[PDB]
């Protein structure tokens, strides 16, 4: 189904309760006459940005909130402002996940985050703090078992401990991320990573444990605790382990802070049915009976609607997901998170192995995250000869980091010239540059050349620059250079005052 006025097409992933959502669409039809078509296309999160521009996307798209940042950056999602009472039905932190540069661009549906998963038979009383884990491991090691095994390779799993006392990826304030405020090398992250590394040095954990290793050990009854999300529950069910899910341990009295992913409902900017979409979502889906229909089909986990979450939370596994989510941090929806994952992944590996101190590892990662974040939305570094081969070929397309010198970017300006020898047809043209307004008598022959000027910034220089997640800093620089060129040139060309009409 393509978008058609007077009806709704919804895209949602195949692993969600689409049948249940279809029932909600049928109640919407029966009450209002508006047909609702629920589709679960393959690769729908990548199809959407490709076709939404050409107006062949859905009215509504369900996906993880952090993907919606790119959609919103391209203007593909309708901005919503639901009524005060409607917003108050949902947990405030979930609304933060669907803000993009201050604008609400979707509706929160469900919530997921990591929790502490524990073996009740081995560990009836799971620890409330990380600090008691060493001692717990001594007791369990004397039984031929261990306290804790989780994926140490991926910062998604290790960052909850690291952030507990103050680490963060990018500072969030009022629906906006500041990519100039990275929290990778502050005192909180160092304390948390130091505790993570000491667990490894004192042999309570092994530096090479990954997702597969931890999963097998816990489901086989060999470790008392793992850290994982709701997607892992099914495999534990199949195993013989009597397991609980609970709040993650504190560190220095501070909650562990896992990243929070919010399933969210976005409205296509090109939809002619915006009001029908808001009506469907606010009065039919985001209600006890709406979410129940979906949950009944395939479980949503913890949900953003307070009244129905209190129903689901009678399951303590779901209550723990919501609690860790409320104590965690919203996954930033900006693509510069790529810089965060790349830098931090290396820091944990090097600190864990003793290649670097915790202090120097996070120092390096703080700097690396800053630079890649300033340089662009994804990790790309170019070898210097390979870049100089671009420049000497006249190729000015690359902007970003180049190994050895830092960041490169281009500003553009057009030069005008007048032919000085137009009567000499049997000769090489000679030209002379002319100032900004450029106006010459009609018989003059005017030639223009386009000038791409290369800029080189060291990483340190780059960081003092006003880089931003939402707007490229180089844009204003180019307009600044073009303006001052103009202002100087026009006084050179003609000092008669311009006939400017000035308002008010």
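Numbering follows the first chain given and starts at 1.
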Select between 173-181 and 426-434 the stretch whose C-alpha atoms have the higher average B-factor in the entry.
-> 426-434
Between 349-357 and 140-148, name whichever shows the higher mean Cα B factor according to the PDB entry.
-> 140-148
C-alpha B-factor winner, where the candidates are 79, 380, 154, 131 | 380
Where the record places residue 65 (Cα B-factor, split into thirds across the chain) = lowest
Tertile call for residue 419 (CA temperature factor, within chain, third-based) is the highest
Quick tally, chain-level thirds of C-alpha B-factors: residue 487 sits in the middle
For residue 257, the third of its chain by CA B-factor is the lowest
Report the third (lowest, middle or highest) to which the CA temperature factor of residue 24 belongs, ranking only the modelled residues of the same chain.
-> middle
